[PDB]
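Peer 1: Hey, dropping start37.csv in here, CSV, C-alpha atoms and all ligand atoms:
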chain,number,residue,atom,x,y,z
O,1,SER,CA,28.3,-16.7,23.8
O,2,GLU,CA,28.6,-14.5,20.7
O,3,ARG,CA,26.9,-14.3,17.4
O,4,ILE,CA,26.7,-12.2,14.2
O,5,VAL,CA,23.2,-11.1,13.5
O,6,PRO,CA,21.8,-9.8,10.2
O,7,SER,CA,20.3,-6.3,9.9
O,8,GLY,CA,19.4,-5.3,6.3
O,9,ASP,CA,22.8,-4.7,4.6
O,10,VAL,CA,25.0,-4.9,7.7
O,11,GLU,CA,26.0,-7.6,10.1
O,12,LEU,CA,26.2,-6.9,13.8
O,13,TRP,CA,28.5,-8.6,16.3
O,14,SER,CA,26.8,-9.4,19.6
O,15,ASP,CA,27.5,-11.3,22.8
O,16,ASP,CA,25.7,-12.1,26.0
O,17,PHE,CA,25.9,-12.5,29.8
O,18,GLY,CA,23.8,-14.5,32.3
O,19,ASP,CA,21.1,-17.1,31.8
O,20,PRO,CA,19.4,-17.0,28.4
O,21,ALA,CA,16.1,-17.9,30.2
O,22,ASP,CA,16.1,-14.7,32.3
O,23,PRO,CA,14.4,-11.6,31.0
O,24,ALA,CA,16.2,-9.8,28.2
O,25,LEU,CA,18.2,-6.6,28.9
O,26,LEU,CA,19.7,-5.0,25.8
O,27,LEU,CA,22.6,-2.6,26.3
O,28,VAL,CA,22.9,0.2,23.7
O,29,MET,CA,26.2,2.0,23.8
O,30,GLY,CA,27.1,5.7,23.0
O,31,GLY,CA,28.6,7.1,19.9
O,32,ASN,CA,31.6,5.4,18.3
O,33,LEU,CA,31.7,2.9,21.1
O,34,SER,CA,31.6,-0.9,20.5
O,35,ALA,CA,30.1,-3.5,22.8
O,36,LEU,CA,33.3,-3.2,24.9
O,37,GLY,CA,32.2,0.3,26.0
O,38,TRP,CA,30.0,-1.7,28.4
O,39,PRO,CA,32.7,-3.2,30.7
O,40,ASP,CA,32.4,-7.0,31.0
O,41,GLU,CA,32.3,-6.6,34.8
O,42,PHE,CA,29.3,-4.2,34.6
O,43,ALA,CA,27.4,-6.4,32.3
O,44,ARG,CA,28.0,-9.3,34.7
O,45,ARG,CA,26.9,-7.3,37.7
O,46,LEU,CA,23.6,-6.6,35.9
O,47,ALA,CA,23.2,-10.2,34.6
O,48,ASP,CA,23.8,-11.6,38.1
O,49,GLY,CA,20.7,-9.8,39.4
O,50,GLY,CA,18.4,-12.0,37.2
O,51,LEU,CA,18.8,-10.7,33.6
O,52,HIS,CA,19.9,-12.0,30.2
O,53,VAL,CA,22.2,-9.2,29.2
O,54,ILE,CA,22.9,-8.7,25.5
O,55,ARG,CA,25.3,-6.1,24.1
O,56,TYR,CA,26.5,-5.4,20.6
O,57,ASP,CA,28.7,-3.4,18.3
O,58,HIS,CA,27.0,-0.6,16.4
O,59,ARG,CA,27.7,-0.6,12.7
O,60,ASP,CA,31.1,1.0,12.2
O,61,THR,CA,32.4,-0.2,15.5
O,62,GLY,CA,34.1,-3.3,16.8
O,63,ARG,CA,33.4,-6.3,14.5
O,64,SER,CA,30.2,-5.1,12.9
O,65,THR,CA,30.1,-4.0,9.2
O,66,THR,CA,32.4,-1.0,8.7
O,67,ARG,CA,32.0,1.1,5.7
O,68,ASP,CA,32.8,4.6,4.2
O,69,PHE,CA,29.9,6.7,5.7
O,70,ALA,CA,29.9,9.1,2.7
O,71,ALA,CA,29.3,6.2,0.3
O,72,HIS,CA,26.5,4.7,2.4
O,73,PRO,CA,24.9,7.2,4.8
O,74,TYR,CA,22.6,6.3,7.7
O,75,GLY,CA,20.9,7.9,10.7
O,76,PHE,CA,19.2,7.1,14.0
O,77,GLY,CA,16.5,5.3,12.2
O,78,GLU,CA,19.0,2.7,11.1
O,79,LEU,CA,20.8,2.6,14.5
O,80,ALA,CA,17.4,1.9,16.2
O,81,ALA,CA,16.3,-0.7,13.7
O,82,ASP,CA,19.7,-2.3,14.2
O,83,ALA,CA,19.1,-2.6,18.0
O,84,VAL,CA,15.8,-4.3,17.2
O,85,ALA,CA,17.6,-6.6,14.7
O,86,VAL,CA,19.8,-7.7,17.6
O,87,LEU,CA,16.7,-8.7,19.5
O,88,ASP,CA,15.5,-10.6,16.4
O,89,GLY,CA,18.9,-12.3,16.2
O,90,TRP,CA,18.6,-13.6,19.8
O,91,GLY,CA,14.9,-14.6,19.5
O,92,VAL,CA,13.7,-11.9,21.9
O,93,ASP,CA,10.2,-10.5,21.5
O,94,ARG,CA,10.4,-7.7,24.1
O,95,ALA,CA,13.5,-6.5,26.1
O,96,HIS,CA,14.4,-4.1,28.9
O,97,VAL,CA,16.5,-1.6,26.9
O,98,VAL,CA,19.2,0.6,28.4
O,99,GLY,CA,20.5,3.5,26.3
O,100,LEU,CA,23.7,5.4,27.3
O,101,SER,CA,24.8,8.8,26.0
O,102,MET,CA,24.1,8.9,22.2
O,103,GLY,CA,22.5,5.5,22.8
O,104,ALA,CA,19.8,7.3,24.8
O,105,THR,CA,18.9,9.1,21.6
O,106,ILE,CA,18.8,5.8,19.8
O,107,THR,CA,16.5,4.3,22.5
O,108,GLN,CA,14.1,7.3,22.2
O,109,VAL,CA,13.8,6.3,18.5
O,110,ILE,CA,13.2,2.7,19.5
O,111,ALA,CA,10.5,3.8,21.9
O,112,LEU,CA,8.7,5.8,19.2
O,113,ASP,CA,9.1,3.4,16.2
O,114,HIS,CA,9.6,0.0,17.8
O,115,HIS,CA,7.6,0.4,20.9
O,116,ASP,CA,6.1,-3.1,20.6
O,117,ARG,CA,9.6,-4.6,21.3
O,118,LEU,CA,10.0,-2.9,24.7
O,119,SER,CA,9.4,-4.3,28.2
O,120,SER,CA,11.0,-1.2,29.7
O,121,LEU,CA,13.3,1.7,28.9
O,122,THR,CA,16.3,3.1,30.8
O,123,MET,CA,18.3,6.1,29.7
O,124,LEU,CA,21.4,7.7,31.2
O,125,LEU,CA,24.1,10.2,30.3
O,126,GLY,CA,21.7,11.5,27.6
O,127,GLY,CA,19.0,14.0,26.8
O,128,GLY,CA,15.8,14.6,25.0
O,129,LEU,CA,15.2,14.5,21.3
O,130,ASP,CA,14.3,18.2,21.5
O,131,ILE,CA,17.9,19.1,22.6
O,132,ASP,CA,19.8,20.3,19.5
O,133,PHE,CA,23.0,18.8,20.8
O,134,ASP,CA,25.3,19.4,17.8
O,135,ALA,CA,24.2,23.0,17.4
O,136,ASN,CA,24.6,23.4,21.2
O,137,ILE,CA,28.3,22.4,21.0
O,138,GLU,CA,28.8,25.1,18.5
O,139,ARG,CA,26.9,27.6,20.7
O,140,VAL,CA,28.8,26.9,23.9
O,141,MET,CA,32.1,27.4,22.1
O,142,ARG,CA,31.0,30.8,20.8
O,143,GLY,CA,29.5,31.8,24.1
O,144,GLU,CA,25.9,31.7,22.9
O,145,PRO,CA,23.0,30.3,25.1
O,146,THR,CA,21.3,27.0,24.1
O,147,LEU,CA,17.9,27.5,22.4
O,148,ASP,CA,16.4,24.9,24.8
O,149,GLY,CA,17.6,26.9,27.9
O,150,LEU,CA,19.3,23.8,29.5
O,151,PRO,CA,23.0,23.6,30.2
O,152,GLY,CA,25.2,22.8,27.2
O,153,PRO,CA,28.3,20.6,27.3
O,154,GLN,CA,30.8,21.9,29.9
O,155,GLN,CA,34.6,22.4,29.9
O,156,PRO,CA,35.5,18.7,30.6
O,157,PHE,CA,33.7,17.6,27.4
O,158,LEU,CA,35.7,20.2,25.4
O,159,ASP,CA,38.9,19.1,27.2
O,160,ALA,CA,38.2,15.5,26.2
O,161,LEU,CA,37.8,16.5,22.5
O,162,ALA,CA,41.2,18.4,22.6
O,163,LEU,CA,42.9,15.2,23.9
O,164,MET,CA,41.3,13.2,21.1
O,165,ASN,CA,42.9,15.6,18.6
O,166,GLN,CA,46.4,14.9,20.1
O,167,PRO,CA,48.6,12.1,18.6
O,168,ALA,CA,49.3,8.7,20.1
O,169,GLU,CA,51.9,6.3,18.6
O,170,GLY,CA,51.7,2.6,19.5
O,171,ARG,CA,49.3,0.6,21.6
O,172,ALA,CA,50.6,1.7,25.0
O,173,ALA,CA,50.1,5.4,24.1
O,174,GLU,CA,46.6,4.9,22.6
O,175,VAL,CA,45.4,3.1,25.8
O,176,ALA,CA,46.9,5.8,28.0
O,177,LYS,CA,45.3,8.5,25.8
O,178,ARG,CA,41.9,6.8,26.0
O,179,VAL,CA,42.1,6.4,29.8
O,180,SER,CA,43.0,10.1,30.2
O,181,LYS,CA,39.9,10.9,28.2
O,182,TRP,CA,37.7,8.8,30.4
O,183,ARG,CA,39.3,10.3,33.6
O,184,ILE,CA,38.5,13.8,32.4
O,185,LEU,CA,34.9,12.8,31.6
O,186,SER,CA,34.3,10.8,34.8
O,187,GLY,CA,35.4,13.8,37.0
O,188,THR,CA,36.5,13.3,40.7
O,189,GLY,CA,33.0,12.8,42.2
O,190,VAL,CA,33.5,9.1,42.4
O,191,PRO,CA,36.7,7.0,42.6
O,192,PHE,CA,38.3,6.5,39.1
O,193,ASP,CA,40.9,3.7,38.6
O,194,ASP,CA,43.2,4.1,35.7
O,195,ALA,CA,44.3,0.5,35.7
O,196,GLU,CA,40.8,-0.9,35.3
O,197,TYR,CA,40.0,1.5,32.5
O,198,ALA,CA,43.2,0.6,30.8
O,199,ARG,CA,42.2,-3.0,30.8
O,200,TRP,CA,38.8,-2.2,29.4
O,201,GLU,CA,40.5,-0.3,26.6
O,202,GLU,CA,42.9,-3.1,25.9
O,203,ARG,CA,39.9,-5.4,25.6
O,204,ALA,CA,38.2,-2.9,23.3
O,205,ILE,CA,41.3,-2.7,21.1
O,206,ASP,CA,41.7,-6.5,21.0
O,207,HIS,CA,38.0,-6.8,20.1
O,208,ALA,CA,38.7,-4.5,17.1
O,209,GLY,CA,41.3,-6.9,15.8
O,210,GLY,CA,44.1,-4.8,17.6
O,211,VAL,CA,43.4,-1.7,15.4
O,212,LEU,CA,44.3,1.4,17.4
O,213,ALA,CA,42.0,4.0,15.7
O,214,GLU,CA,38.8,4.8,17.4
O,215,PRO,CA,35.6,4.5,15.3
O,216,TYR,CA,34.6,7.8,13.7
O,217,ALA,CA,31.6,7.2,11.4
O,218,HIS,CA,29.1,8.4,14.0
O,219,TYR,CA,30.5,12.0,13.9
O,220,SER,CA,28.7,12.2,10.4
O,221,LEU,CA,25.3,11.4,11.9
O,222,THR,CA,22.5,13.9,11.8
O,223,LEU,CA,20.1,13.9,14.8
O,224,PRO,CA,16.4,13.4,14.6
O,225,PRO,CA,14.4,16.7,14.3
O,226,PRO,CA,13.2,18.2,17.5
O,227,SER,CA,9.6,17.7,16.5
O,228,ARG,CA,10.0,14.0,17.5
O,229,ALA,CA,10.2,14.9,21.2
O,230,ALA,CA,6.4,15.6,21.2
O,231,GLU,CA,5.7,12.0,20.1
O,232,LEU,CA,7.3,10.6,23.4
O,233,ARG,CA,4.0,11.7,25.1
O,234,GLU,CA,2.6,8.4,23.6
O,235,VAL,CA,5.2,6.1,25.2
O,236,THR,CA,3.7,3.7,27.8
O,237,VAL,CA,6.4,1.3,28.8
O,238,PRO,CA,7.9,2.0,32.3
O,239,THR,CA,10.8,4.4,31.8
O,240,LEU,CA,13.7,5.2,34.1
O,241,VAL,CA,16.0,8.2,33.5
O,242,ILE,CA,19.3,8.2,35.3
O,243,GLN,CA,21.1,11.6,35.8
O,244,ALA,CA,24.9,11.4,36.6
O,245,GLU,CA,25.2,14.2,39.2
O,246,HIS,CA,28.3,15.7,37.6
O,247,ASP,CA,27.7,14.8,33.9
O,248,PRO,CA,29.8,17.3,31.8
O,249,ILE,CA,28.1,16.5,28.5
O,250,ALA,CA,24.4,16.3,29.7
O,251,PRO,CA,24.3,18.2,33.0
O,252,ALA,CA,21.3,18.4,35.2
O,253,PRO,CA,18.5,19.0,34.6
O,254,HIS,CA,18.7,17.3,31.2
O,255,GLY,CA,17.7,14.1,32.9
O,256,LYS,CA,14.7,15.6,34.6
O,257,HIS,CA,13.8,17.2,31.3
O,258,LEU,CA,14.0,13.9,29.4
O,259,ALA,CA,11.8,12.3,32.1
O,260,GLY,CA,9.3,15.1,31.6
O,261,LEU,CA,8.8,14.1,27.9
O,262,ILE,CA,7.5,10.6,28.8
O,263,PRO,CA,4.4,10.1,31.0
O,264,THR,CA,5.8,6.8,32.5
O,265,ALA,CA,9.3,8.2,33.3
O,266,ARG,CA,10.8,8.3,36.8
O,267,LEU,CA,14.1,10.0,37.6
O,268,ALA,CA,17.1,8.8,39.6
O,269,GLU,CA,20.4,10.5,40.2
O,270,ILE,CA,23.7,8.8,41.0
O,271,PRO,CA,25.6,11.1,43.4
O,272,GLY,CA,29.1,12.1,42.2
O,273,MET,CA,29.0,10.3,38.8
O,274,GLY,CA,30.4,11.7,35.6
O,275,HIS,CA,30.2,10.6,31.9
O,276,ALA,CA,31.9,7.3,32.4
O,277,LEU,CA,31.6,3.8,33.9
O,278,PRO,CA,34.2,3.3,36.7
O,279,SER,CA,33.5,0.2,38.8
O,280,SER,CA,32.8,2.6,41.7
O,281,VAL,CA,29.3,3.2,40.1
O,282,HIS,CA,28.6,-0.3,38.8
O,283,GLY,CA,26.8,-1.3,42.0
O,284,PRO,CA,24.5,1.8,42.3
O,285,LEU,CA,23.7,1.6,38.5
O,286,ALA,CA,22.9,-2.1,38.6
O,287,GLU,CA,20.8,-1.6,41.7
O,288,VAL,CA,18.5,1.0,40.2
O,289,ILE,CA,18.2,-0.7,36.8
O,290,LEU,CA,17.4,-4.0,38.4
O,291,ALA,CA,14.7,-2.4,40.7
O,292,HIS,CA,13.2,-0.8,37.6
O,293,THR,CA,13.2,-3.9,35.4
O,294,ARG,CA,11.6,-5.9,38.2
O,295,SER,CA,8.7,-3.5,38.6
O,296,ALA,CA,8.0,-3.7,34.8
O,297,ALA,CA,7.5,-7.5,35.0
K,301,LIG,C1,32.4,12.8,22.0
K,301,LIG,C2,31.5,12.3,23.1
K,301,LIG,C3,30.0,12.3,22.7
K,301,LIG,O1,29.6,13.6,22.3
K,301,LIG,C4,29.1,11.6,23.7
K,301,LIG,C5,27.7,12.0,23.2
K,301,LIG,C6,26.8,12.6,24.1
K,301,LIG,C7,25.5,13.1,23.7
K,301,LIG,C8,25.2,12.9,22.2
K,301,LIG,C9,26.2,12.3,21.4
K,301,LIG,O2,25.8,12.2,20.1
K,301,LIG,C10,27.4,11.9,21.9
K,301,LIG,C11,28.4,11.3,21.0
K,301,LIG,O3,28.6,12.4,20.1
K,301,LIG,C12,29.3,12.3,18.9
K,301,LIG,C13,28.4,12.5,17.7
K,301,LIG,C14,27.7,13.9,17.7
K,301,LIG,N1,26.7,13.9,16.7
K,301,LIG,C15,27.0,13.8,15.4
K,301,LIG,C16,25.5,13.8,17.0
K,301,LIG,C17,28.8,15.0,17.7
K,301,LIG,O4,29.7,14.9,16.5
K,301,LIG,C18,29.5,16.1,15.7
K,301,LIG,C19,28.8,17.4,16.1
K,301,LIG,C20,29.5,18.6,15.6
K,301,LIG,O5,28.5,19.6,15.7
K,301,LIG,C21,30.1,18.4,14.2
K,301,LIG,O6,31.1,19.4,14.0
K,301,LIG,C22,31.4,20.0,12.7
K,301,LIG,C23,32.7,19.5,12.1
K,301,LIG,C24,33.0,20.2,10.7
K,301,LIG,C25,31.7,19.7,10.1
K,301,LIG,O7,31.7,18.6,9.5
K,301,LIG,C26,30.5,20.4,10.5
K,301,LIG,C27,29.2,20.0,9.6
K,301,LIG,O8,30.2,19.7,11.8
K,301,LIG,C28,30.8,17.0,14.0
K,301,LIG,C29,31.1,16.6,12.5
K,301,LIG,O9,29.8,16.1,14.6
K,301,LIG,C30,29.8,14.8,18.9
K,301,LIG,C31,31.0,15.8,19.0
K,301,LIG,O10,30.3,13.4,18.9
K,301,LIG,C32,29.8,11.2,21.6
K,301,LIG,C33,23.9,13.4,21.7
K,301,LIG,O11,23.6,13.1,20.5
K,301,LIG,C34,23.0,14.0,22.7
K,301,LIG,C35,21.7,14.4,22.2
K,301,LIG,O12,21.4,14.3,20.9
K,301,LIG,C36,20.8,15.0,23.1
K,301,LIG,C37,21.2,15.2,24.4
K,301,LIG,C38,22.4,14.7,24.9
K,301,LIG,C39,23.3,14.1,24.0
K,301,LIG,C40,24.6,13.7,24.5
K,301,LIG,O13,24.8,13.8,25.7
Could the structure of this file be written out as structure tokens, please?
Ligand SMILES: CC[C@]1(O)Cc2cc3c(c(O)c2[C@@H](O[C@H]2C[C@H](N(C)C)[C@H](O[C@@H]4C[C@H](O)[C@@H](O[C@H]5CCC(=O)[C@@H](C)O5)[C@H](C)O4)[C@H](C)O2)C1)C(=O)c1c(O)cccc1C3=O
Peer 2:
Amino acid sequence: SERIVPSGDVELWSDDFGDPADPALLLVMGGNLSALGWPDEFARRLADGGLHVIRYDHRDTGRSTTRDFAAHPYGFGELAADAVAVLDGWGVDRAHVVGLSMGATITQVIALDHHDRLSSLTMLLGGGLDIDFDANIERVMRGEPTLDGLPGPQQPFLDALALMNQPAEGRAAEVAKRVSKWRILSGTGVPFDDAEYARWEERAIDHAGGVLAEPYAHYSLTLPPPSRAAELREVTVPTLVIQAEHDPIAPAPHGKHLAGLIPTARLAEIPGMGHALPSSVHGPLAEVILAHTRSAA
């Protein structure tokens, strides 16, 4: 089912998968990605292990309140409170939360400031609050090292940004463009299927009322200060960090580093995976997340 949930001065679109009596699993997408960034088929694979899976559209994506950022600015504090508002909207006290990419940054903020709402934490395709990500994009482009000493974003990420700057006319061209972006980001380490990703994007576009433009408000976000990383030493819910082996945005050992900030963190690595969700990795991802959520309950 779906519902619109209130969160301060925004309304958030949300839907679910599985039995509402099973333990709650909240999926938190990356930057500028609506609910439909989590493929329906992945959400079902997870739900069919014994979970009530809930996903939603961040503000400025999908069917959630969309606004001129400059007139009404927000940060990760708001994004995290919004995730908790979705839990409120579905009557959920504590949830297994899963943060992907920019969403892993959000879930670190949840863990720090809404820790009481967590059964467990899972993060993937992401990195620690002490990683100055935006500054690091700037540094890699100028050939400077990162101040954290871990790998910055790699060539496929940059290639993906250059594609996004190229023009697409009409729905067919937009979908093709988006799929080419994902193909770049996913790499060749695991089987990538263009037809499936095209369908996922067609659904994402339909969900946005057929509008072809990607969300863009999240490019105006400012990251939490790196001082917040130190506070993760006080997190006590079971934490799982998943490293995609060939992640071009957050390469190894970002995952190991993120796990090293949280005393309850364990690290897993999906062989061959890039920064995308082809159905080739839905089985492996669901398996490790399910095993984690079971041990926390
Ligand atoms: C495009 C794919 C993507 O990068 C996937 C991803 C991955 C990570 C993070 C993201 O925010 C995001 C998401 O990132 C978004 C938002 C992100 N932030 C504002 C934080 C960033 O957008 C940027 C950073 C640039 O430095 C900035 O560039 C210039 C443009 C001209 C200007 O306005 C000046 C001030 O800034 C633009 C406006 O914003 C990237 C390019 O897209 C999407 C992270 O935030 C992140 C992290 O914080 C720590 C560890 C790892 C990560 C990530 O792996």
Peer 1: Please compute the atom CA of residue O:130-atom CA of residue O:281 distance, one decimal, in Å.
Peer 2: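 For atom CA of residue O:130 relative to atom CA of residue O:281, the distance reads 28.2 Å.
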Peer 1: Which of these residues is nearest to residue O:274, using only C-alpha atoms: O:200, O:192, O:76, O:219?
Peer 2: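 So, comparing all the options, the nearest one is O:192.
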Peer 1: Mind pulling up the distance from atom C2 of ligand LIG 301 (chain K) to atom CA of residue O:288?
Peer 2: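 Computing the Euclidean distance for atom CA of residue O:288 and atom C2 of ligand LIG 301 (chain K) yields 24.3 Å.
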Peer 1: So that I can check the surroundings of residue O:160, please list as a list in words every protein, DNA and RNA residue that reaches within 10 Å of it, counting all atoms listed in the file and ignoring chain neighbours fewer than 3 positions away.
Peer 2: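 In the requested form, the answer reads residues 155, 156, 157, 163, 164, 165, 177, 178, 180, 181, 182, 183, 184 and 185 of chain O.
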Peer 1: Neighbours of ligand LIG 301 (chain K) at 7 Å or closer, counting all atoms listed in the file: which residues, as a ChimeraX atom specification?
Peer 2: /O:30-32,101-102,105,125-129,131-135,137-138,161,218-223,249-250
Peer 1: Just to confirm, what's the straight-line distance from atom CA of residue O:65 to atom CA of residue O:27 in Å (one decimal)?
Peer 2: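 That distance, rounded to one decimal, is 18.7 Å.
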Peer 1: Considering only C-alpha atoms, state which residue in the set O:112, O:10, O:162, O:28 is at the smallest distance from residue O:124.
Peer 2: O:28
Peer 1: Calculated over all atoms listed in the file, which of the candidates O:49, O:143, O:62, O:284 has the smallest distance to residue O:190?
Peer 2: O:284
Peer 1: From the options O:291, O:85, O:277, O:71, which residue's atoms come nearest to residue O:187, counting only C-alpha atoms?
Peer 2: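 Closest to residue O:187, using only C-alpha atoms: O:277.
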Peer 1: Counting all atoms listed in the file, what is within 7 Å of residue O:2, bar same-chain residues fewer than 2 positions away, as a VMD selection string?
Peer 2: chain O and resid 14 to 16
Peer 1: Which is closer to residue O:172 than all the others in O:199, O:45, O:233, O:117, using only C-alpha atoms?
Peer 2: O:199
Peer 1: Between O:115, O:203, O:246, O:96, which one has atoms that come closest to residue O:269, using all atoms listed in the file?
Peer 2: O:246
Peer 1: May I have the protein, DNA and RNA residues with an atom at most 9 Å from (33.0, 6.0, 41.0), counting only C-alpha atoms in the file's coordinates, returned as a ChimeraX atom specification?
Peer 2: /O:186,188-193,272-274,276-282
Peer 1: I'd like the contact shell of residue O:260 - 10 Å cut-off, only C-alpha atoms, skipping same-chain residues fewer than 5 positions apart - returned as a ChimeraX atom specification.
Peer 2: /O:128,232-233,241,254-255,265-267
Peer 1: If you count all atoms listed in the file, which residues fall within 8 Å of residue O:26, apart from same-chain ones fewer than 3 positions away, as number ranges by chain?
Peer 2: O: 53-55, 87, 95-98
Peer 1: At a cut-off of 8 Å, using all atoms listed in the file, what residues contact residue O:86? Leave out same-chain residues fewer than 5 positions from it and give the result as number ranges by chain.
Peer 2: O: 5-7, 12, 14, 56
